[PDB]
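Residues per chain are reported as follows:
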Amino acid sequence: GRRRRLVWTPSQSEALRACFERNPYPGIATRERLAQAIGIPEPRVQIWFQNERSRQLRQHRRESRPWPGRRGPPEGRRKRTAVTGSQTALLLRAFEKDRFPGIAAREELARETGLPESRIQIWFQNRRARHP
DNA sequence: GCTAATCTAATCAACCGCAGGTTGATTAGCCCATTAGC
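Residues numbered from 1 in each chain as written, not as in the entry; some residues may be left out. Chains lettered and ligands numbered in written order. Heavy atoms only, no water.

Once that is clear, we can look at the packing of helix α1 (residues 10–22) against helix α3 (residues 42–62). Following both chains from N to C, one finds α1 and α3 inclined at 65 degrees, their axes separated by 12 Å at the closest point. Every pair of crossing elements has a handedness; the one defined by α1 and α3 is right-handed. Within the contact between the two elements, α1 uses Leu16, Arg17, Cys19 and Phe20 and α3 uses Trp48, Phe49, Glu52, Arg53 and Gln56. For the contact of α1 with α3, the residue count by class is five nonpolar, one polar and three charged. (Axes fitted to C-alpha atoms, helices over the stretch in contact; angles between N-to-C directions. Helix = DSSP H or I, 4+ residues; strand = E, 2+ residues; numbered from the N terminus. Left-handed = near helix turned anticlockwise from the far one by under 90°. Contact = heavy atoms within 4.5 Å. Nonpolar A, V, L, I, M, F, W, Y, C, P; charged D, E, K, R; others polar.)

Structural data, given as structure tokens:
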């Protein structure tokens, strides 16, 4: 079981396209401001930006056009989330039982450890690809 | 089918120390990443 997917509104899509036409690689500041402006969480904005970059690269692949890429100085990234030893131990205990936790498991871990669900999913994806 | 959510692999970068391991954050995926709600 995974997360229930998101459904877009016309104004949300217009804002997403208007923000992507200016900068296809937005920092955490622009992503959070746009998410605050459209009524969806910032992880959803980041996921949509990644998927839009993937589709634009695929489209430049279809049309055999070169992709511009990084233009201008890169914006600031998200500040690294500090995870304590207790939260790390709890995440390791949950990782031994299930390597691929569902949406309910991630929500429960977020309500417990206090870390965002997106950060817990990032930690799980980094832990699966580093501890066989 | 369309596209968000998810996975893995590779890589950049903060952290702590005063060098380079460790782990979180970012990006790309090339019989055009895969899988599953809408």
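The next thing to look at is the side chain of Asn23. When you line up the elements, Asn23 lands in the loop between α1 and α2 (28–38). Of the polar contacts made by the side chain of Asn23, one reaches the side chain of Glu75; its length is 2.6 Å. When sequence neighbours within four positions are dropped, the list of residues in contact with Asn23 reads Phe49 and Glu75. (Polar contact = N/O pair within 3.5 Å; in protein donor to acceptor, adjacent residues only side chain to side chain.)

Our focus in this paragraph is the domain arrangement of chain A. Parsing chain A into structural domains produces domain 1 (3–79) and domain 2 (80–132). Once you take the C-alpha centre of each, domain 1 and domain 2 turn out to be 25 Å apart. Taken residue by residue, the interface counts six residues in domain 1 and eight residues in domain 2. Summing both partners gives a buried area of about 530 Å² for domain 1 against domain 2, and 39% of it is carried by carbon and sulfur. (Domains from an automatic or database assignment. Buried area = accessible area lost by both parts, 1.4 Å probe.)

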